[PDB]
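Given next are two forms of a protein chain, the same chain in both, each as structure tokens and marked structure 1 or structure 2.
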Structure 1
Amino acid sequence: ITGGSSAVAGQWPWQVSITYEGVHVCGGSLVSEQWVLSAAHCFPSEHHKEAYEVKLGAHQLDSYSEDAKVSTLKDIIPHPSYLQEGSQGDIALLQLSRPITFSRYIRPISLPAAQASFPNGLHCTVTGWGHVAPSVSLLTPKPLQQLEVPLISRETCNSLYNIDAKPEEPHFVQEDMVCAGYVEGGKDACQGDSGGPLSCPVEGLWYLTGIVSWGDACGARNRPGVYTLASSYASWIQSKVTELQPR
């Protein structure tokens, strides 16, 4: 996250860190005791399931905490429509090896229904431990960063992405995607934020509106972050989780 601030411990208790071979690669959002939602693109086919971990209840990734818990994965379920980068369906259900116990620092975020609308301009928050500037990693001890971002329609977003575009480097915001951020840049999600929450306030609660997906250069003007809409997958998530792990 570039241009944000450090959250306070426990503020975003659904935020998880996903690591591959012990290195943070992506965020995720806890959605039940044994399920995490992240980005499909965080889980390429060449990676081995056994090398992933999920760290929950963390604030400073580098700091010891008796509140943080680390898990392996039993299942990685990318949405079947995700074919390649920029594809629709950049979303994955992750089943933890075992169920965790909710705590003050580990709590799920509510999923929106399929027809949840989050209107343009809504001030949502994206969080993560990804880069704080182009190719600049968050400094140890890696306190979770947060950034308030207003929602930007895919239509506006597409037109912004066209400004000074390289015709070879296309960027198309699809119907399952939304943007959020600022036309002048300097404030966005960045590399290593992928997979994490865009959390939006609705009726006193917080919903997982978006999953950090892609953009252009960290904090580039005319390039607000692109997110997969969780609402687009609410039916699929409910179906998958209900069949695989009925309550």
Structure 2
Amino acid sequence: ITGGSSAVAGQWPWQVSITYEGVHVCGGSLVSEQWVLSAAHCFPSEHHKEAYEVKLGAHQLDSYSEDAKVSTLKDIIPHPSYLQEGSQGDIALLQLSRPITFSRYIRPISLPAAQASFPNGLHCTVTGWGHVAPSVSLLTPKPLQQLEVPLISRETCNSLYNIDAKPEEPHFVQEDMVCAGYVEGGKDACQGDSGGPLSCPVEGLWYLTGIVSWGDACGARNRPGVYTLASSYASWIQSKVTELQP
């Protein structure tokens, strides 16, 4: 996260870190006692399932926390349209090896209904342990960063991505995506934030509106972060979680 600040412990208790062979590769969001939502592209076919871990309840990746729990994965389920076509569906359900017990530091985020709309301009918050500027890592002890970002409609977002774009660069924000950020850049999600939550405030609660998916260089002007919309997958998520491990 570029242009944000460090979250206090417990602030975003659904944020998880997904590591592969012990190295943080992506964020995710706890959504039930045994399921995490993250981005499909975080889970290349080459990678071995048993080498992944999910760390929950920790705000600093390098610091021991008595409130932290770390889990392996029983299953990784990318949405089929990601595997089949690869133009969208950048979302995956991760089933933890064992169900977790919630605490003050580990709580699920509510998912939006299929037709939930989150208005352009809503100030949501993206969180993660990704780069804090293009080509600049978050330093040890790796405190979770948070950043307030207004929602930007996919239509505005496409127009912005088209400014000074190369005609042949895939910069299309699909129907299952939304953007968030600033036209002027400087504040955005960056590499390593992939898969983590865009949390939006609604009726006194927080909902998982988006999953950090892609963008151009972090914080570039005219290139706000792009997120997979959780609403677009609500029926599928609810079906999978309920069928497999309710």
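Rigid core: the largest C-alpha set superposing within 1.5 Å between the two forms. Shifts are known only where both forms have a C-alpha. Reference numbering: structure 1, starting with residue 1.
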item	value
Core-superposed comparison between structures 1 and 2: the option from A133, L83, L122, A114 whose CA moves 2 angstroms or more	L83
After superposing on the core, C-alpha shift for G28 between structures 1 and 2 in angstrom	0.1
Mobile segments between structures 1 and 2 - rigid core superposition, Cα shift of 2 Å or more, 3+ residues	83 to 86, 167 to 170
